Amino acid sequence: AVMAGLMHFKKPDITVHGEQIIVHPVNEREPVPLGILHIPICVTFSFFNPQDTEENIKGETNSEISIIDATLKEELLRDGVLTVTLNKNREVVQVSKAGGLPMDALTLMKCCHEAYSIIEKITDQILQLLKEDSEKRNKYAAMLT
Amino acid sequence: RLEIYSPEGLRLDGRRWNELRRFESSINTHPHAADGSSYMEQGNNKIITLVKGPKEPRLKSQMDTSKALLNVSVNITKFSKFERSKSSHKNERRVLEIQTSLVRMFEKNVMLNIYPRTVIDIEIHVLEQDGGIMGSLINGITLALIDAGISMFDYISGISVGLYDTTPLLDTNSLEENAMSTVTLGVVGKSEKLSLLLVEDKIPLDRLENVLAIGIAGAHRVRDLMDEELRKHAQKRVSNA
Amino acid sequence: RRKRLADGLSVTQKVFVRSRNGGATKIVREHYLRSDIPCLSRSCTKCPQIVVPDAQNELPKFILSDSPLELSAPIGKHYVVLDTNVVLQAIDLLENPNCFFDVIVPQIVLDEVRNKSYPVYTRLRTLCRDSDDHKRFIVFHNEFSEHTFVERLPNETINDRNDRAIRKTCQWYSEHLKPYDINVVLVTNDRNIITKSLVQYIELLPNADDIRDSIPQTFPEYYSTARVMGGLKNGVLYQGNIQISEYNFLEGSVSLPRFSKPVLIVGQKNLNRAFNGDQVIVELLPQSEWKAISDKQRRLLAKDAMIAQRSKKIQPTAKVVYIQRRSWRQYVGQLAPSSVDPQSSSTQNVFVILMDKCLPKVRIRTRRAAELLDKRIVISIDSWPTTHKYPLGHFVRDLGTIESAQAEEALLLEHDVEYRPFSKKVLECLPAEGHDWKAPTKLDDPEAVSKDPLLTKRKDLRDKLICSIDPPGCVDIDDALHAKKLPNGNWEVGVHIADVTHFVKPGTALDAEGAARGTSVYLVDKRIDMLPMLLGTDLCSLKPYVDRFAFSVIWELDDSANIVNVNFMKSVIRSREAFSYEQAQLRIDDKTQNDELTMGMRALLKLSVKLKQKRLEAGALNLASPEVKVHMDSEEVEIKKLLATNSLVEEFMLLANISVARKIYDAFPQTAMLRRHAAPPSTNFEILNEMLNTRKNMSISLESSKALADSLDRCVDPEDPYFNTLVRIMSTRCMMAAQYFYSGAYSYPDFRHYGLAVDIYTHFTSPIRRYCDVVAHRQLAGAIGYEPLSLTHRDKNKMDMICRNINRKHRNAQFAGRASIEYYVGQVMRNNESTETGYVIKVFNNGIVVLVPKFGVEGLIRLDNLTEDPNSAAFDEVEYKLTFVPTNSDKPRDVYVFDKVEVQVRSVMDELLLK
RNA sequence: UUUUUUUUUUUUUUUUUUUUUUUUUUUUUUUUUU
């Protein structure tokens, strides 16, 4: 929501008149948008232990369970949580795993690799929706001439 | 403009790419103030940790009939850096985040279910700070908890790894932390399972596994050092007493 | 107090005080001491047993020779250890290929050099990196070693501690290498260990007479650094560039942000020892000294100067008290044949005149001035003491005899163009296969797909007849064309561009060298390339009959040449034939050939005709400016001509550039590499317009691009059609300069390019000879999902640095090419003395400017020699006409502009003159 | 062969924001293929 709102916003055009500034009304001089450098998107994972703590800490098998985008019922019973942010340039913006159930590192890397396929589709969807909204506004303004 | 990593394989302080800083720790330093205590020195870091409890709760509201309540408090002094801090750090969101992360880390390791209707309090004082402070906090908490005779499943060790272009550097200091992105890890025992993973700046997706492996090996060495110190202290304690 | 940790590794403490702008802070650092620092000598047999690999798992290499240079008794077989002042002052001797073959540089010396002068540190690091079987430099880490580390004694300056550390390092080498009878010599010009000064060591060499001349050699004093900083902070002192002209050497101007106009500096003493383009610190002068002792008074004086600049006709003056930065690069100059003494075989003092006319004279010490009387030399400037009237310098390198083809090198150094061959490290990045690199026959072969994980996207377009047209002297190929007819009646076109970015990777030495040289420099006889021969000339050029990787763009342009389909992809093709302009014209005009390839070529010709008609509809700024092509080959100054094929590929390249610009801007709206050409002012236009409506009686409209083009087209003369090109080239010198930039800097209205009336533009088609095209290729490869972009092209600061660098190198290359062609024209006209005509383009009150149409070199004839008794001259600006009587036959004759006079060329003593 | 059943305690929440800071600069003419 924050990224889409930032990419949808426009601010009024202004000019500097000597020492002070002038803020033009919107019905006069066509407000202008902001500059966006990249589009980050977050994904959250939830972890469950189907065994006891002794098996998790001293066991050889790794039988922990990971799901994506838990509901309210699921996230009230989870043992751990992980959030990762990524962009379309294959950059890890941030990773947060602040305690919880200990997890093997290969599983965490697999989670990080699964998040990228989701973020690509989300980015494309946002861009398409913004383009369609802009076209609708332009068409209505043309029809109102 | 400085030579962070020279063509001869040397860093600014003279270390190589896979070497730890000087590691010194002490146990039972404040017998009259707490049940367990430790003093940690990692490079130029200086931390005091005190463990109070298990004990009767202060208020009847903070009582649980199935397990104990665990609290962590972190105090960062105004003189811990070269430049004096303008205001206090007590109520910053960063400090609250650190405290919550530590509590959630150590909830799963301490056997809180064998101390019902009690509270355990951890108070931490940071006197000097020179990079990689989160791992030092983890190591100090582990040592102080073991010194207090509180049941747990295994050790947890903290470590920091920086990525300089294509070169991973182990156990970075303040100069390196201001010039590259870093990763902080918390490792359980001698396994590959992570209790904490913290990345705060940008890192390429195809360069993270190598950093993780380097950090895991470093944390295993840190665990070895802590175990050796603990065994030596126990031997001295039991030899005469 | 040090502690032993684990493996002979010790740690100490390092404490010092840092002084910021008024603040004091103490810094504490930890310092580790090791015992695995190798001596890096190939004769040692015990150090190779202590080395460890680095992060990339590479063992250290041993560089220093086991049989070094042998001097006379009693030293023999020596090594050299350097000193800080020797490195700082004598860097030219170290780079000399005739001395200093085996050199050791301690760590403290390198640190001090880096602190005091970064470029010298960079050059020293380059010397260390490029070690071979001729020169060998190493760096020894004496501070990190536990055998050579010393601790600062109480009450001792830092210089003493550093000198003691250097001597300890020299001793450690002296005893370490003894079993191999190798000695160490400490070279330092200040005041066991064999210690010799720079002069003493040179005299021991077997070729001292060949290199002894390269040894490095009342104005008010400058203010102290603390005083200058205090004055700058309080607002008392000001900083800016200084510009000095060659006509007057006793006056200069400095521009300051707080003032609307430059502040004048007048006086031989008011100007301290300063050059042109220096960064200086100025201080205002009292009102009693303006041209017609406390901070508060000086602020009041600054306010007075600010209020007196607007209207009062009194110019505030200033003086120089400090020099911030100095250019002082290597300068090309020639000996002055007036200070030489024939009756003197001893060392004498001579003077050298620099090619740059804005710089003063430099005194040079030598003893073989007779052999350099007629030659060009390279020198460097050392210092300008207060007592001396001229700066002092030393000889560096000898270019060659004056007027020789090779020596006249000089323009490359003066225009700052790199021409030395590539190093071994750059050539390492090239493919190991060399000329045996061939693309796979099948793109899906298991080995082909395994070796190229991205080969699953590369298309196969080897199924079309592809032709390329380039000048006969061209070798590197960047373009290729094809055509075919669709059944529905639409015309399909495709432009093939070489894929440089496949073999060039960001973060490599090859990439760094390519990015340093902004563009390739082309000369009529020689050529300087941005890329190595092996890659660009052979492996990357789209040669016919062989497979070559390329980037492909396809369009579906109708009979009216309207875009309906545009697509970009990376594919594999194979060129069929290569052509030239005249050969292609004879091919298309050859009627007996009825093959489909010529039909495709003529379809491309008609499509380009339609495209250029559309462009002229948008804007008709078409130019015809000869470059004065010269090719003598004396066991004939011609004019370059535009042919149909020249205008054919031009439209296709323009379309590709526009399409790539639009695509990359849509993909990356903040870091897209684009080019622009702003609308120019009117002063240079209005002066020409006034002159034309005075004499020629024409007018040029500045309404728009089409209006200006129509105005240029209006000026027609039935007698001399060459007058049209005269006003075209005259207007060609009035507009602004096109500059590269990144799309995140300016707004979209500022993206317009005036020359072609295009709202957005970029450079894409020639990645071999331009780095901007390489950047555009990387952007367009990242704009399709083929590969993610790198890091350097997603940051505004790095893009700005790249833009500045490429703009500077483009301008320098243009200047160098113009200088070379002008020099060749002058040489070909000096040897052959005949009669050559000319045209008048400018009238002066005491001269006439005459431009030769067949040569393109303007000439000025001074009235002092043009007309006898110059007081009788009469010129008026009403008709731009001067009245005089010629020397040969006295008669009142008037001179106009655009007239015809006969001009010849004489020798230059220190140029054109009336015939 | 009568006769023999032992099992402890507790009640209705500590009070005042986002800012969370270190290693040093430059210079005068469009477009394409070269």
Side-chain angles (χ1 to χ4, degrees), chain C residues 466-474 476-483 491-498 519-520 522 542 550-555 557 560-563 566 575 578-585 587-588 600-627 629 639-662 674-675 677 705-706 709 712 725 728-729 732 738 753-770 772-773 776 810 814:
Chain C
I466 313 180
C467 83
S468 188
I469 302 95
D470 295 309
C474 169
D476 45 338
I477 315 297
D478 287 331
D479 58 70
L481 278 74
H482 75 102
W491 274 125
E492 166 168 283
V493 290
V495 164
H496 310 157
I497 299 302
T519 52
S520 295
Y522 289 84
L542 314 181
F551 194 88
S552 180
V553 54
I554 57 171
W555 302 283
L557 302 175
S560 49
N562 307 139
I563 179 62
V566 58
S575 161
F579 298 99
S580 68
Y581 302 137
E582 63 93 20
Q583 178 184 135
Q585 192 80 339
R587 170 73 182 272
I588 181 180
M601 294 171 79
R602 64 200 63 259
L604 301 160
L605 189 145
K606 87 174 197 176
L607 286 191
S608 46
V609 160
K610 184 48 185 287
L611 289 185
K612 191 173 177 66
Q613 172 183 22
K614 182 175 173 66
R615 289 206 295 102
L616 265 72
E617 176 66 30
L621 267 71
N622 45 4
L623 271 300
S625 303
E627 304 94 4
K629 198 270 193 173
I639 305 290
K640 182 175 172 66
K641 182 259 291 181
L642 73 164
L643 189 150
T645 65
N646 289 138
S647 180
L648 189 152
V649 298
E650 197 270 344
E651 316 295 335
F652 276 26
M653 301 308 111
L654 265 289
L655 259 68
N657 285 25
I658 294 277
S659 294
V660 162
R662 300 171 305 125
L674 308 169
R675 198 166 215 246
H677 179 204
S705 176
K706 178 66 177 176
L712 305 180
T725 46
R728 296 199 91 74
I729 63 172
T732 310
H753 156 79
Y754 192 100
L756 298 167
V758 291
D759 59 334
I760 188 171
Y761 198 58
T762 199
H763 272 151
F764 181 85
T765 50
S766 50
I768 287 176
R769 89 215 190 199
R770 305 203 300 245
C772 164
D773 297 331
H810 177 117
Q814 285 183 172

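Convention: sequence-line order gives letters A, B, ...; per-chain numbering from 1.
Annotation for C:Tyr581 and C:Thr645: closest pair CD2-OG1, 3.2 Å, computed over non-hydrogen atoms. Residues C:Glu617 and C:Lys706 come closest through the heavy atom pair O-CD, 4.4 Å. Taking every heavy atom of both residues into account, C:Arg675 and C:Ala738 meet most closely at NH1-CB, 3.4 Å. Across all non-hydrogen atoms, the minimal contact from C:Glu651 to C:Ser608 is CG-O, 3.8 Å. Residue C:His482 comes nearest to C:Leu604 through the heavy atom pair O-CD2, 3.5 Å, listed as atom of the first residue, atom of the second, then distance. The heavy-atom pair separating C:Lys641 from C:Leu643 by the smallest distance is NZ-CD1, 3.5 Å.
For the atom pair CD1 (C:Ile554) and OG (C:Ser659), the distance works out to 11.5 Å, reported to the nearest 0.5 Å. Atom-to-atom distance recorded for C:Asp476:CG and C:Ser520:OG is 7.5 Å, nearest 0.5 angstrom. Put simply, CG on C:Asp470 and CG on C:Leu542 are 9.5 Å apart, with the number rounded to the nearest 0.5 Å. If you take NE2 on C:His763 and CZ on C:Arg770, they are separated by 4.0 Å, rounding to the nearest 0.5 Å. Note that the CG atom of C:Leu607 and the CD atom of C:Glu492 stand 11.5 Å from one another [nearest 0.5 Å].
Under the 4.5 Å side-chain criterion, counting only non-hydrogen atoms from C-beta, C:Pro626 is not in contact with C:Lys640. Counting only heavy atoms from C-beta outward, the side chains of C:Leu557 and C:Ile563 approach each other to under 4.5 Å. The shortest distance between side-chain heavy atoms of C:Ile469 and C:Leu648 does not fall below 4.5 Å. Side-chain contact check for C:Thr765 versus C:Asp478: every heavy-atom pair is 4.5 Å or farther apart. Between C:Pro767 and C:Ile497 there is a side-chain heavy-atom pair separated by less than 4.5 Å. Within the 4.5 Å cutoff, side-chain heavy atoms of C:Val495 are placed close to those of C:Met653.
Inspection of the C:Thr725 and C:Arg728 side chains reveals no N or O donor paired with an N or O acceptor under 3.5 Å.
Results of the side chain to side chain contact (heavy atoms under 4.5 Å, CB included) test with C:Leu616 over C:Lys612, C:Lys614, C:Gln613 single out C:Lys612 as the only residue that passes.
Between the side chain of C:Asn657 and the main chain of C:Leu654, no donor-acceptor pair closer than 3.5 Å is present. At distances below 3.5 Å, at least one donor-acceptor pair connects side-chain atoms of C:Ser468 with backbone N or O atoms of C:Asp479.
Below 30°, between 30° and 60°, or above 60°: for C:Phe551 and C:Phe764 the angle between ring planes is above 60°, a perpendicular geometry. Between C:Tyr761 and C:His753, the ring planes are parallel. Angles under 30° get that label, and only those over 60° would be called perpendicular.
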(message) Set out, in order, the CA-CA distance, both residues' side-chain angles and the distance that settles side chain to side chain contact (heavy atoms under 4.5 Å, CB included) for C:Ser705 and C:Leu621, then state yes or no.
(response) CA-CA 7 Å; C:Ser705 176; C:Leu621 267 71; 3.2 Å; yes
